[PDB]
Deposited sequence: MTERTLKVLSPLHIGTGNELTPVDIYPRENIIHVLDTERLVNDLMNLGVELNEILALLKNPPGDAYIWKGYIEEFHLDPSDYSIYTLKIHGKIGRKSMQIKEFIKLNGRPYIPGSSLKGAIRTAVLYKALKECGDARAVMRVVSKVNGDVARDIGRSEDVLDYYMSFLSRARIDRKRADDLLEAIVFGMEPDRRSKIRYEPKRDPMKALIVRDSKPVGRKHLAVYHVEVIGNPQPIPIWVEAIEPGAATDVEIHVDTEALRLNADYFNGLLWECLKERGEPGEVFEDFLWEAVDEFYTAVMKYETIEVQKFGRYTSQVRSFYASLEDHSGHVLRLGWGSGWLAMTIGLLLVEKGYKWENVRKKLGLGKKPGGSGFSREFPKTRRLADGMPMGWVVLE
């Protein structure tokens, strides 16, 4: 199991949120309460359940929910804490609402899909950057659907083909994932992504071992490009926390499906030698090229919105002083569209024609 180290605050979320019913703040600690034991103790102190239920139905307009009881009955909040979160950023006025960080049996971890998705996004970038010419992509697609391969082909690079096709995003996005990462003909849908034909099947990324909850904290989150009246709060692993991950290339799968893989990525390995030996090398080169380009334009973007502080320039310089592979986790549904956009900017289009700070700091950076 390779070692993994969190470099900048890292939120990977179920989508579920802690509510003020779940927390008691005091000073710069959020207590994540055991509400059940707190309700049972209050009822043995003679609070009748009706009063508790009415408080949950109609939370007060100025204080929290459990501030009234914890501070009326002189309770110790630590006696009811499951765990605690140090606060990073401007505290919420009255109600704080926190994106929970994904757990198994109470213990945070990095899912393998998060790590593999950051790798997959970088592999897309190298494949399109190096083998995205009309000739190579047409050779790939002509063996599956010659109408698509003919349509792509009179549109210069595949970058321009993606952009003419958009000019209906989810279609282009799925069409491009199939061309790069493997494809089956389909009668209702001229091309479809096939996982069975994807070289990334050969890369095995297990979920990490658990991180201790002591490395969870809560971070105020800002967006440079979007203004939201409601403050955003996330559980995130603190920088410098470390765990281990099982990650390795399934060489047996790679030799075994060697005739069954297709798509631009397997073509691009084939141009470089025997595809199954190039694979792990191309993969980690792609992680290095891509997230170099990511941090360069993340830097330009954070300084375009005036948030580029002495801590932040020091942070991005620190990313360059590591010997392992540096990645930014947390890719959503627009991961192909974002990667097309970096490639369009690298060829010299303005981003205006073609992101989040946790307490001022860029999110999601890790090193393996």
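If you line the structure up with the deposited chain, the stretches without a C-alpha atom are 1-2, 170-173, 361-382, 397.
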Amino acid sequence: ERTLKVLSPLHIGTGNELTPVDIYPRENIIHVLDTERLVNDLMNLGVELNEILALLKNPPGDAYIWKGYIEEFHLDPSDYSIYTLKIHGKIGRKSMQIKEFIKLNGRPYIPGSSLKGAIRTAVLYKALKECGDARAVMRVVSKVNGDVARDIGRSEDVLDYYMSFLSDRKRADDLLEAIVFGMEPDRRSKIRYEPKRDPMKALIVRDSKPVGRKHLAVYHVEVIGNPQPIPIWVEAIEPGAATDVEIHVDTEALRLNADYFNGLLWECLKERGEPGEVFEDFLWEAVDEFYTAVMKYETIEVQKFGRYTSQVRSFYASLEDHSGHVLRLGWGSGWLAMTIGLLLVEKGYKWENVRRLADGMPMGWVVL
From here on, numbers count along this sequence of modelled residues.
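In this entry, 138-146 shows the higher mean Cα temperature factor of the pair 239-247 and 138-146. When 186-194 is weighed against 114-122, 186-194 comes out higher, by mean CA B-factor as recorded in the entry.
Going by the entry's values, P60 shows the largest Cα B-factor out of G334, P60, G330, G324.
The entry lists C-alpha B-factors for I102, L265, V223, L175, and the highest of these is at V223.
When all modelled residues of the chain are sorted by CA temperature factor, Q97 is found within the middle third. Residue-level temperature factors show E301 in the highest third of its chain, judged at the C-alpha atom. In the PDB entry, a CA B factor belonging to the middle third of its chain's modelled residues is recorded for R37. When all modelled residues of the chain are sorted by CA temperature factor, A358 is found within the lowest third. Sort the modelled residues of the chain by CA B factor and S318 lands in the middle third.
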